[PDB]
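Participant: Sequence plus experimental coordinates follow:
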Amino acid sequence: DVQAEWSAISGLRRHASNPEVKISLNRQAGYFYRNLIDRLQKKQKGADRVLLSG
Amino acid sequence: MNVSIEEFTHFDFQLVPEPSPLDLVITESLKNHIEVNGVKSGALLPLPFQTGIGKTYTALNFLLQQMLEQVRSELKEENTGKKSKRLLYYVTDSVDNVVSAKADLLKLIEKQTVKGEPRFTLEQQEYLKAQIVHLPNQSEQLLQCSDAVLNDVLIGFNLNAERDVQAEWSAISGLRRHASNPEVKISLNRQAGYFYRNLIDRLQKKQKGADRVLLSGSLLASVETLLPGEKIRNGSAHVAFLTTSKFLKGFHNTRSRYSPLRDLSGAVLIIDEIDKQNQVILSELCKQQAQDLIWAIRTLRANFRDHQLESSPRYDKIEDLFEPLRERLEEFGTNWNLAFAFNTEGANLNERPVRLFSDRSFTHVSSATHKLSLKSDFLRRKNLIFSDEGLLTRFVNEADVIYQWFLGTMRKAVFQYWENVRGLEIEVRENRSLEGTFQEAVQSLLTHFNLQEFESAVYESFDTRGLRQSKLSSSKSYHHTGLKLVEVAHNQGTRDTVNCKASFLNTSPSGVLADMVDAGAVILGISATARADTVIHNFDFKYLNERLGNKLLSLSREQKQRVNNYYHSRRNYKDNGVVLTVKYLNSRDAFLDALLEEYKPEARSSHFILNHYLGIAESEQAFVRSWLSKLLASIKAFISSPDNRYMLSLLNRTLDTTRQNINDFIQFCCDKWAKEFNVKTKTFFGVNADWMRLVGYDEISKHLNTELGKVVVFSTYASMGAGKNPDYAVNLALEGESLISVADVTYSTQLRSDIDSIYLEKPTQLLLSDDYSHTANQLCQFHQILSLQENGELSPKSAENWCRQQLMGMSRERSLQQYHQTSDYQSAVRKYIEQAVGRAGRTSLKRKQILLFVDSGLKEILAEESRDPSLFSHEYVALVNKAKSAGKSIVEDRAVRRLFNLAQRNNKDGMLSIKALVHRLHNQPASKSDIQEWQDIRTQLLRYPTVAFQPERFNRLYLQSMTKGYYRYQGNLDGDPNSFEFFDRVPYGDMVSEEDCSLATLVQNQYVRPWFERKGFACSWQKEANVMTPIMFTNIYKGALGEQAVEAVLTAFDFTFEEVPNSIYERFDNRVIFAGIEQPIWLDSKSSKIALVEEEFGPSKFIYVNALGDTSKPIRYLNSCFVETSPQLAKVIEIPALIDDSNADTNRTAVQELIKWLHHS
Amino acid sequence: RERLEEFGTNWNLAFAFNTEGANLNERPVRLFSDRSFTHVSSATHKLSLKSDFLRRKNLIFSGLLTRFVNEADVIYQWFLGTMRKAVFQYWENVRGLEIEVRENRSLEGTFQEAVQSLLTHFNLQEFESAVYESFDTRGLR
């Protein structure tokens, strides 16, 4: 479902020329960023803290 | 138009189309039902109608008869006021089949003709079509609503006066212009779903206040198109066409969410492909959310301490349903020191937590290697779980019991609220529903006690166990105790507290089906294999039979014969010369090697080709070579034919782009044999179900209606479950004389044809598995283990090992390695085959000679097919008969193995329930309820040592024996109950029989026998096939016969007996008072307990006594320490044998000695 | 804790609250008060609040209701203010430890852990979002 949301948002980007496709893209990008960053932080609070570099 | 019910006033309700044998079979069964089970009672009629005889046609024609009977009943009952409409349904798990069946029904209304004149005029055809309503999901409901409908709703309900509502609706109107982009389509679907949630929430909030917008005309029409679930509330529509998911979940109307499972009293429910619904209902039960049991119990305890419901007439009796729960909560929280939060000592739970598992009866498992206990530390004020590397499982079992007792009491109190409110007789002219009283009842009860946070859990429960209001006595299956999986981890964000997030499953899909039928529905389950013998891919019909009884209707041998006659006369293969031949394809390796050599001239060996070109791993080489040999030999024998044209090869593997080199090699082999036989071949790689759903089969449709050449399709078993005909139009121009008439010529109306070669690969991936989540998958896996153990297919040893392994991450290859050992797997294989070769048989015009190509594995499985063929399809009878004739295999009978496993499971359940019950009679005080349970067990086993038919009330006291009245068992009756073995697997062992309990000796007595025939206790074992389990015999029947015999003797000398007080229950048997003596005497009937009694009652006298034996043994006397002493100095007296072994004469000597020694006090 | 048990004894919080003879589905009672001398109420009368021990309800009948609501609000803000004092006291207690994993020690690395440990202990997890929000409207105090 993560890559369902990200696939839906990748798909919309191709049509941000339509103003109302743009409105839809903005709203969903907001919700998916809430989602993505929530899951990133849950990963980083545990033991498998991904060592970020490069 | 005003097309209304007066349009039928000159309709003749007794002209019916000349009913085909299927309609008559259904009607006979239901009229026989109503005259046996009553008028108001539900039923269930599993209809194994094979394909090709109008399954759905017959279902829709029965649906139309019920619609016309409602119209008649309205033209009659109009003098009575009782518009008691019956809801008819049509549920099935797929959206394509629901839509296609609805559109078939509208075509049936329009074109149904009787006696050359159409059955319905134009107005009647308009009326009835309005009664039918189709309920799709929320996104597809919205994207059906045109701009006019949503605008009219938004104006009428004045929601456009807000901004963000029309922001979302503007964003969704904007996307609709681009639904051609598939990814714009996916965005539009998700967004339309959320906006429909939002819109309908606001509509309902408007309609629950005083400003109920009066709906009529165009606004009513627009809301009904937005809410087809609304037409059902008004009285406008009966017939809902929906999916199982939208049936269990429930549909919306203008005021609330109608949940069809609470309102089944009198529904008629046609479930197409019923057996596939076990999996779908299972998939909905596994989705429901986990509950933290520590938050839940601490919340219940705190908020139930004071808060109270108020003493009006609405709450007229409710507060006394919640008084036992309040008392149990305060007692539980005192024992388990629930003031303090819980934390673990030791092991590292940021890596992995503790996982516990329990099926609420005898299959307990835990992931901890050690027996975790739980200790309350009053200096730290924490409750410390010794993560040791017990008592925690006892805590969690009790906490769960209390939580389910709370939810069950909320349902009892919602119905008591409903009775009280209906009796109020509120303002007239106002209809207020019953599920209208549901949400008000829930919210008023939760608001009073302050438990609003438990609202979601309460709403969800009303569909899993909620159909019940709408221990070792009672009936005791799995299919309605369910299972529980508890995962003890650290609270997220903190470093020192712990949650027990339990995930439940309070029932199985067979429990849901028999709850509907117990609740009133008339389920009509249509499927070709409705009564398969699996319990994983089908309901458990052994349980439904024991649960329902005479409500599980059936077809006689007459009616199954009549349906087979109709089937033969509609698919008359044999008379018209249509041929079926089958070839069992073994492994041929040098075959594939020669193909490989001719595929790659530069390569020097087959392994080299498989490595460098096909991408086959070296360990995987055997498997790929094997099945690729079989598949290409099937293609060879197909295109080698002159005549045959269409083949479907059914595989465990979707030959998509992922294995594209194997696709390519198959393409090249198809090419060589295509050119060699001078035939054009086309192969389709990666036909999954979706390509059929959206695009694909229109292409082979046009291919065969227009082009020359042979067609091959590759797809899987699951992929065929999309819900579509695999048929194409017969083109006589191309085919010529290659097709003939199989049916009766009288109904040859349809010019289409179907698959005419088919290759079947042996399925192995047959366990169910849910992908929804991780806990949803673990609940599916434990459901399948326990459904197999319940049924009999897994011994308790095997079921418990598999449950244990599954807690610690058993890999799916390892799950499937152990399902294959059950006979349930072979019945699910034969189900999958029997459904595969019925797709290859829909149409009414057929080839002369049909190829059914079988894997070589299926020879061993199919050969065992042993049901009665009187409803098998012709292709399946071909596969079976050609396998059977090829020579017989050595068979493990399934009923025999299944009796062995059920003997061990009934014994394990007896053993563990008894040990739990006795341990709970050692809790002081012993509850009177548990004293009653112990007494019911003993009383039942005395009056019925054997039962002639499997009892439904006390069913795990008894075990079904192979030999009537006795059996031989071998085990440690205090040891491990996985280690018993029973019936002549141990030909020498202890015996459970009337001759080893020595009941024939004891009834010879002059005093005891009148006691028995006064009490009803059976004085000699009946010779029947269900006997006491080893536990019940050794530990209760022998004890209770001894007690009754001794007390029956002691009555014969004017003792008077008393109930042993609750303080010491089971420590002592009986209490007596002897004439001339006031001192109370307790009994043991066959120093610690003497001290613990005299600690309460002081100095007293006691009896130890054995009922049967040698009466000549010396009479003994003891002090407190069980040291021998003189009778005058004694507190304890023994009678070694009160009745003679040889002649049952009363030990009058010992009676005199007992009497006198009590007089020596 | 002592003020809560005293408040709930005075105002009988064992019993839920209901109104007598008012059609609040048309218009409710709205009260307003700036916590110092500008009190206003939209009810034409001075609403009282009677605890009825036969009905086991607390009945808002035509004062004392404004006194109930003023006190209940004081107690709720006292709870949130004490949660901030206790998050700071938790932080000052933890900073000196260095167990193994305080990989930031600042005013607010210890914020979510302090909030969740204190709420989980007293069982008040449902007050979590109300505590997170407050940490900036009075939480700079």
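Facilitator: That came in fine, so what should we check first? Residues are numbered from 1 along each chain as shown, chains lettered A, B, ... in the order given.

Participant: Which helix runs longest in chain A?
Facilitator: When chain A is parsed with DSSP state H, its longest helix is helix A:19-45.

Participant: Only the buried residues of that one, if you could.
Facilitator: A:20, A:21, A:22, A:23, A:24, A:25, A:27, A:28 (16 or more other C-beta atoms under 10 Å in any protein chain shown). To be clear about C-beta, it is placed using only N, CA and C from the backbone, and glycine gets the same treatment.

Participant: if I look at residue A:29, how far off is residue B:198?
Facilitator: From residue A:29 across to residue B:198, the span is 19 Å (C-beta to C-beta, to the nearest Å).

Participant: related to what we said a few turns ago, gap between the longest helix of chain A and the chain center?
Facilitator: 4 Å (C-alpha atoms, centre = their mean, to the nearest Å).

Participant: can I assume residue A:3 sits in a helix?
Facilitator: Yes: note on residue A:3: a helix contains this position according to DSSP: H, G, I helix; E, B strand; the rest coil.

Participant: so residue A:29 sits right up against residue A:10, yeah?
Facilitator: No: counting by C-beta atoms under 8 Å, residue A:29 does not reach residue A:10; the two are 10.7 Å apart.

Participant: which parts of chain A sit against chain B?
Facilitator: Taking C-beta under 8 Å from any C-beta of the partner chain as the measure of proximity, chain A contacts chain B at A:4, A:7-12, A:14-15, A:18-21, A:23-24, A:27-28, A:42, A:45-47.

Participant: 10 Å - rerun?
Facilitator: A:1, A:4-5, A:7-15, A:18-28, A:31, A:42, A:45-48 (C-beta under 10 Å from any C-beta of the partner chain).

Participant: returning to what we had before: measure how the longest helix of chain A sits relative to helix B:164-176, angle-wise.
Facilitator: Here the directions of helix A:19-45 and helix B:164-176 differ by 110 degrees (axes from the mean of the first three to the mean of the last three C-alpha atoms, to 10 degrees).

Participant: need the residues of chain A near chain C, please.
Facilitator: A:45, A:49.

Participant: Using the centroid of chain A, identify the residue furthest from it.
Facilitator: Centroid-distance maximum for chain A: residue A:47 at 23.8 Å, with C-alpha atoms, centre = their mean.

Participant: my guess is that one meets residue B:348, correct?
Facilitator: Yes: Residue A:47 lies in contact with residue B:348 (C-beta atoms under 10 Å); the separation is 8.3 Å.

Participant: could you say which helix or strand contains residue A:15?
Facilitator: Counting by DSSP states H and E, no helix or strand carries residue A:15.

Participant: how many other residues sit next to it?
Facilitator: Applying other C-beta atoms under 10 Å in any protein chain shown, we find 18 residues neighbouring residue A:15.

Participant: Just give the nearest non-adjacent residue to it, would you?
Facilitator: Spatially, and ignoring its direct neighbours in sequence, residue A:15 is nearest to residue A:21 (4.5 Å; C-beta to C-beta, 6 or more residues apart in numbering or on different chains).

Participant: same thing with residue A:23?
Facilitator: In space, residue A:23 is closest to residue B:171, 4.6 Å off (C-beta to C-beta, 6+ apart).

Participant: quick one: contacts for that neighbour?
Facilitator: Going by C-beta atoms under 10 Å, 6 or more residues apart in numbering or on different chains, residue B:171 touches A:20-28, B:187-188, B:191, B:195.

Participant: if you set the cut-off to 8 Å instead, what comes out?
Facilitator: Shown here is residue B:171, whose contacts under the criterion C-beta atoms under 8 Å, 6 or more residues apart in numbering or on different chains are A:20, A:23, A:24, A:27, B:191.

Participant: ok, of those, which one's closest to chain C?
Facilitator: The closest of those to chain C turns out to be residue A:27 (C-beta to the nearest C-beta; 22.4 Å).

Participant: quick one: terminal-to-terminal distance for stretch A:41-50?
Facilitator: Taking C-alpha to C-alpha, to the nearest Å, stretch A:41-50 runs 11 Å from one end to the other.

Participant: what about it, distance to the chain center?
Facilitator: What separates the centre of stretch A:41-50 from the centre of its chain is 18 Å, taken as C-alpha atoms, centre = their mean.

Participant: try stretch A:44-51
Facilitator: That offset, for stretch A:44-51, works out to 20 Å (C-alpha atoms, centre = their mean).

Participant: Same check on stretch A:9-18?
Facilitator: The answer for stretch A:9-18 is 14 Å, by C-alpha atoms, centre = their mean.
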